[PDB]
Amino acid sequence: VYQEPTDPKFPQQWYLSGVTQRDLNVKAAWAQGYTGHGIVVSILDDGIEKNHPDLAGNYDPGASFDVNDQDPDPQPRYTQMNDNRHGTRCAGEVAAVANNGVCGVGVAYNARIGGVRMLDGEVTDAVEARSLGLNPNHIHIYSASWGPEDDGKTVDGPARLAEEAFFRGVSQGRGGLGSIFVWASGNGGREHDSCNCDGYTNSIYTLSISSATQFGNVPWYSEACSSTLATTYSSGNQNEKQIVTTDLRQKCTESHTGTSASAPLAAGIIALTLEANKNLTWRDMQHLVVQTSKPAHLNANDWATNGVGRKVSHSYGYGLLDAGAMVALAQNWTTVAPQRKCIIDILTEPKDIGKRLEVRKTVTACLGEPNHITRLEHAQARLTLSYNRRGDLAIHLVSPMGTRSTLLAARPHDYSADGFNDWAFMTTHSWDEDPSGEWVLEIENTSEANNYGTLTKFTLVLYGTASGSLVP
């Protein structure tokens, strides 16, 4: 019989297990025998306290580096306000040691854990690339709780070196199975930010993770968008409990919060899943997340059923991660076929936007060709357009099976006149649908002002396979 941990703060880790069903079902995976043994996770952040009493026994120097000062030791820089505590808190969520009389436990408490010190300095494109491409035949899973500013007016993503690091990672990393990149979807909720305006979360190569409060609500800081894949618990109001983890100066904290705490919990659950099947590819892992995540009792006003009968939301993706279900489904999972890519250039001429524009196009999805796709994964609408006030635009895309994805909601603070320059808006909401048929793009002015502009390019990019489907 499995014996649950005895650590002094484990009873306060409400999100790991309980009778209530408001948890991530992690104890069920522990009882099947999976605790993370043999898996390696790296925290890309402001450093890691490698001598912390709840981290030292799992610390792995092969998963660590200091990019800011160019040395191998990722120890954080100590200051009066404890500014560099962020990475240490994230690491303890993944892999804090169990049954040692100290603080609580990680999701994957027997996994090996490291850190890249890269936020404590100027974060250039080169700095990101060296961190994402660190030791890719040793590190399995990378976790990033940072990104572009959440002011609700920025449009920004990885530059050339960073994007090259993503493609190298998923292609040649982990022995050719592909690095696993986990991302926090953002903290811009109060600014009405959209996580599709962030190229790191919007990327097909990252698993973008949102947050739910203890009582099952959308937190104040949460950003909605179509590129989010799934959700884990984090903080909410002051009557709701928070996240328990390792803190700077060898302390324990019960008040870790925000989008920053959701991605490390997902990285831990992915570590358990990899232990149950080491042969899973980067795309396999996203299939497992789509099939096993749980919507039940997450409150939102936009829940919709897609073409294959799955519930999906722009606040939550496919819902809460389920650790016990992930490791069960992983054990006899059959590897997916190689990824195909079908490119469809939609427009024959530019179109004025005006008050409202609708573009309809029937596609065959590369019928007759080696990249024919009948089973969709990610879809992108790559748009080039000019407009006088960018944040007044709302953009929607409808798939042939009837699924409406919000590519862009209104952003009140976005006054830019710079438009979008081939920006690849991404949606996960049509996963496993047949993409043959009519697609519809809608662009509208949500304000009463007399705005003007022109849509000059619309490329629909489809990714997926032509085999292996399951009954909806």
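Residue positions are given as counts along the sequence shown, with the first one as 1.
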- prompt: Comparing 350-358 with 167-175, which has the greater mean CA B-factor as deposited?
  reply: 350-358
message: Tell me which stretch has the larger mean Cα B-factor in this entry, 17-25 or 457-465.
response: 17-25
- prompt: Among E128, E223, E369, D156, which residue carries the highest C-alpha B-factor recorded in the PDB entry?
  reply: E369
task: Sort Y316, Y200, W333, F181 by C-alpha B-factor from the entry and give me just the highest.
output: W333
- prompt: In terms of the CA temperature factor given in the entry, to which third of its chain does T206 belong: lowest, middle or highest?
  reply: lowest
message: Per the entry's values, where does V312 land by CA temperature factor relative to the rest of its chain, in the lowest, middle or highest third?
response: lowest
Third assignment of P264 from its chain's C-alpha B-factors: lowest
statement: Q291: CA B-factor among chain residues, third -> middle
field: Third of chain Cα B-factors occupied by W282
entry: lowest
